[PDB]
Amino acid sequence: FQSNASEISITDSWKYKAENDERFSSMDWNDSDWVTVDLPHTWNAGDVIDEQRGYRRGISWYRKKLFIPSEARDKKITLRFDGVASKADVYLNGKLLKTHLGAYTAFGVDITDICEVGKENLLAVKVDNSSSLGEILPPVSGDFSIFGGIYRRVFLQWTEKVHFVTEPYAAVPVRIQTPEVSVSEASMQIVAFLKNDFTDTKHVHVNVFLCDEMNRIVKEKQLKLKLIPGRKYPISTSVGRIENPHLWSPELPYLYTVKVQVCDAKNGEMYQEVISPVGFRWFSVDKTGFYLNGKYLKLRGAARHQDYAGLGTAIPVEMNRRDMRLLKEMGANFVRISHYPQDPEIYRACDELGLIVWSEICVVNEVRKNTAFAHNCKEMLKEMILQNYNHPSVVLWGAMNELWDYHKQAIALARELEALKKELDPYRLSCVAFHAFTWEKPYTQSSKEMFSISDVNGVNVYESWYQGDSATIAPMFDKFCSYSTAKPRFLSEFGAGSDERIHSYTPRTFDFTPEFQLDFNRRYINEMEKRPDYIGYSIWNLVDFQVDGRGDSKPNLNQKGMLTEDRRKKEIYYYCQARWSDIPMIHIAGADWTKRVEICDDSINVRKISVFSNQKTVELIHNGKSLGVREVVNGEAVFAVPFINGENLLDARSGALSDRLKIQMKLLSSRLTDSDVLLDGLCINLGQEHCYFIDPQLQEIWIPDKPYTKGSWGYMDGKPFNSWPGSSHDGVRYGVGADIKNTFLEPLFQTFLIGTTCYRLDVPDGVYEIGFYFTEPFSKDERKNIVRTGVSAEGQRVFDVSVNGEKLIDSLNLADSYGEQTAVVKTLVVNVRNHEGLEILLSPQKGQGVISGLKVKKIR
């Protein structure tokens, strides 16, 4: 059997404890009653998406009784770690073997003469995660937590004693560049390092075959040299004999095999045999576009985060190719590995499937004027490059992102990062990402020095979202080129958050409907495809991802994703597919909005509905009557659908293609005369006057509020809340951003009427379960803003609730009785006689009243 085994996984049956005692490195310690976890693992997989603010930053320990197979006797035994969050202290049989810094790169551990091969050993890992590490290790801050743990795999490796120097940086056994390649003939110059950890000397043959994708050999190149024991000998060959090469592209992803056999001269033994995929391509950059192999190429894609729903970042490794395949089939050709490098699998995926890669490290938000800090940033960039190097998919090396002070050590550290990128990797480009707050540094600063470092400049534009409107967005793309005027631009991040529960026919900023997310990404794609100088752009983000602290619709989540945290495709995903993929498609938008309840007194509820597509034309049939053929423009065709009570079958057609979508639509008359709905429950989203919220647990649709008209329902006084004084949001963001405790229905409780003293519904006689949904929406410190929060001089809010003349909640104070921003529900049973219907009163004692929702059920 000429085939050999190289590593065995060791991710199984570990003992974990959240406590910090230096005794836990002891062979002879008693870990019996520690929890038993399998790897990957992270102690913040739940900590972050909790209702408690903040997650535990600290130290924990992992112990493993680690056996070593006998086939690794007499060999050089190593331990590879693909990913440990922040600092790691690997102890073996009591004795500290290595320490590592950096949460995102792999690292090695030589255990050869320390371990007993055959017997059994104790492997102890102190894993640190503290906030304190920020004064010496990036990332320093940012919009992404760091789940602590050992969250990528761990393996036990062994090779022969004549071996390849990979340390201190877990670099790839042998680097391979392509210095000059074009449509004619190819060049490949390999770099490596053999070392003889034997007792004697050995004299080698070092063979280098380059085999087809069909593995028919195209070249040979055999060398020989003398390795004396302990000498670290440098190899640096080069071949250029390669005829009529098959070139790698994001469309045609052709990879080559470059075998390397190191074999004993007088003996015939094979000591090593690296094999590594390689790609032939070429590219460059300027304000005239991005070019690859000659032709023109616009880079189109997104950034990916390395976490999954409720798993922390201890993802199954198969996840990594699954995330990237969902990007490729979205129609992209580019991915932005941010804000940190990721699993070997990510990179392997993007050059087997074809995806140009942008790869940063986590110098995020700020630098620390600190001797030590800068050193680790370069030690980490040194690891990113040499660990992922023969990967043709990769094109740009990043390191900085969204700084807020390009100070002195900053700009110097900026230069040192570039010098060492093209030093290490001369045949790849470099990149950086600024934010787009031009009222802050580096735009308020003395100079413009920094925009003239890296080969491409990225910008993070969120106009129409965090501030600015529909109109300020092309002006924002403009004045960036004011600065990055030497080198070409790139759209780093852009995206709006969305929730598959909030829908609106008139979407506005920061209501989190997939509707607004659609218009956002359709204004941005139009501005970006027109300008070729911006060589590319990236959606932020491919995924929804979990960051502890973040609020809004799904609290402790970033919702700008194109996939949910569990990788279900949102409808923005299909829109992009229609503007990018060459693989024919059609899709009726609204698959996430299949049940609808809407006030309408006519027979017909006409509502626009759009069909995303690749083709030139789309036909749409409503209930069997075609609505006409229409041309697809910017991926989209918008029909006007005459919706009617009951089932609505919309079937879209265009050529050989199809999509179907059944929309259940319940027309509700404004007079409560004509409605079965009260027997089910009339659920009213108080303070929300332009969105429908659907709770997927009950399928309850929370219809929007309206002012009271005679014979119907609504409020009498009061206004829905939307004051954000001093932002683009004032009068546009309805409701607060708070996470609300004891409810999942955030879009319901966050919306509220303020100052409403009276609510009417004109219902028929009978018994009613009225249920009220309250929360104090404001924190103790924002309640110090007495006008905006409608509270008393001392910040209190006591009011009473009366129904039909009876005081029934006698002094409701939400904050001091239930906690601020905690959900409070009270149900009442009221018998309505005469034809009085329901008159609800909120009598303020201190401050002004608040209600988030109402539910009206006729129970008999």
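When you see a residue number, it is the position in the sequence shown, counting from 1.
>> Mean CA temperature factor from the deposited coordinates, higher in 411-419 or in 727-735?
In response: That would be 411-419.
> 255-263 versus 654-662: which one carries the higher mean Cα B factor per the record?
Replying inline: According to the PDB entry, the answer is 255-263.
> In this PDB entry, which of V335, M270, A309, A103 has the top CA B-factor?
Replying inline: Among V335, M270, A309, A103, the PDB entry lists the largest C-alpha B-factor for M270.
> Going by the deposited entry, which of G771, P584, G142, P316 has the highest CA temperature factor?
Replying inline: In this record, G142 carries the highest C-alpha B-factor of the candidates.
>> Ranking the modelled residues of this chain by C-alpha B-factor as given in the entry, is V162 in the lowest, middle or highest third?
In response: For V162, the deposited C-alpha B-factor lands in the highest third.
> Split the chain's modelled residues into thirds by Cα B-factor; is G58 in the lowest, middle or highest one?
Replying inline: For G58, whose C-alpha B-factor we compare with every modelled residue in the chain, the answer is the middle third.
> Taking the entry's C-alpha B-factors for this chain, is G795 in the lowest, middle or highest third?
Replying inline: According to the entry, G795 has a C-alpha B-factor in the chain's middle third.
>> Sorting by Cα B-factor within the chain, modelled residues only, which third would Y169 end up in: lowest, middle or highest?
In response: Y169: CA B-factor falls in the middle third of its chain.
> In terms of the chain's CA B-factor thirds, is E500 lowest, middle or highest?
Replying inline: Lowest third.
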